[PDB]
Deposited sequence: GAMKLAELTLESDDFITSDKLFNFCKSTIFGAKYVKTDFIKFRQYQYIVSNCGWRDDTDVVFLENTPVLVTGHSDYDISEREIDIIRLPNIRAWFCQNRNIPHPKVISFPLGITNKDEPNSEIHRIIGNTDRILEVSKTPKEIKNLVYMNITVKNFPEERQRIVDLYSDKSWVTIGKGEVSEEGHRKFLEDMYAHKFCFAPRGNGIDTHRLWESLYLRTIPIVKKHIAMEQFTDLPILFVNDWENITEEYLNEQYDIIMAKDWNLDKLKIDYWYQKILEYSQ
């Protein structure tokens, strides 16, 4: 569905969450395994969720046509090549793809899972109803870029951004308030900017990336193989966090605003479809 970012319309159930992919695999030739159980597996081709999300099923990776991994900042890298090499696995949909292999397909981190057991932060920032609400209000641009990052999730890049662009007039620093109201302001604030700093965190993919896109705010991300399959989305990819200027962003805004984008990727259906196609 090639269309311009400004034309992004959203429904309540369109937001991508790794949970939605779990239930779609548990209910409806596709196994969802928390990446942690793939990373710290005791057997080579046998894994399981060990009760996580009430899933005691044993997975025989030698017999699964499609494997889905997520709910984690862990990446898929050479450590999992022996699984990727399995001939019966036709597709590996994963969060944080960190290997140049055509069998591995990235899917968006999306939005936090509100239904995480006994976690208010998840119940707060996992609230897609708020994101949907703000996306319906008039997008009155208050400033160019929006900065609200926890530097301690990936200091190497994040600290560099703050050291450089916090003092810029065309940048707004967002306050840190973990609450239903603090979240709403955080969404309304990011909604009111053309861009938003979306650097990688503990994991390569970040929720800020997709919160920004659902609000039609262009996220700024550093180039990474894990993002090499999202270049058909209105994301501003940068070689480094240096020499970003109001002119450069004003240039990329007009370009990114004039282009057509595969915005259907932002919808859960695109990934339901892709999992059904391969399975």
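Deposited-sequence ranges lacking C-alpha coordinates, in sequence order:
Going by the record, the segments left unmodelled (no C-alpha atoms) fall at 29 to 30, 282.
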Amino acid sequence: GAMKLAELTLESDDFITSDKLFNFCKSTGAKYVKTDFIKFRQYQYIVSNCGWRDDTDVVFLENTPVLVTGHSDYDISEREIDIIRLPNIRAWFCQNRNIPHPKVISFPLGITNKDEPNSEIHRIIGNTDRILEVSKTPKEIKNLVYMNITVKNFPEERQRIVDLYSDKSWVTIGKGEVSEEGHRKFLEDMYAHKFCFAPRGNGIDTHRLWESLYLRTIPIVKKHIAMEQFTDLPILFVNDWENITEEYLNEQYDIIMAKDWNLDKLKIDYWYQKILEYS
From here on, numbers count along this sequence of modelled residues.
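Looking at the entry, does 259 to 267 or 9 to 17 show the higher mean C-alpha B-factor?
Here the higher of the two C-alpha B-factor means belongs to 9 to 17.
Out of 86 to 94 and 114 to 122, which stretch has the higher average CA B-factor listed in the record?
Stretch with the higher mean C-alpha B-factor: 114 to 122.
Identity of residue with top Cα B-factor, from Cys196, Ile149, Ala192, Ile81
The listed residue with the largest C-alpha B-factor is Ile149.
Out of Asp36, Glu211, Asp54, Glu62, which one has a C-alpha B factor higher than all the others in the entry?
When the deposited C-alpha B-factors of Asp36, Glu211, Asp54, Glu62 are compared, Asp54 is largest.
Please place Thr231 in the lowest, middle or highest third of its chain according to the CA B-factor in the PDB entry.
Its C-alpha B-factor, which the entry lists for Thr231, ranks in the middle third among residues of this chain.
Sorting the chain's CA B-factors, does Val58 end up in the lowest, middle or highest third?
Its C-alpha B-factor belongs to the middle third of this chain's values.
Lowest, middle or highest third of the chain for the C-alpha temperature factor of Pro108?
Lowest third, going by the recorded CA B-factors of the chain.
Which third, lowest, middle or highest, does the C-alpha temperature factor of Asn127 belong to within its own chain?
It belongs to the highest third of the chain when residues are ordered by C-alpha B-factor.
Should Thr172 be placed in the lowest, middle or highest third of its chain by the C-alpha B factor in the entry?
Answer is highest: the recorded C-alpha B-factor places it there.
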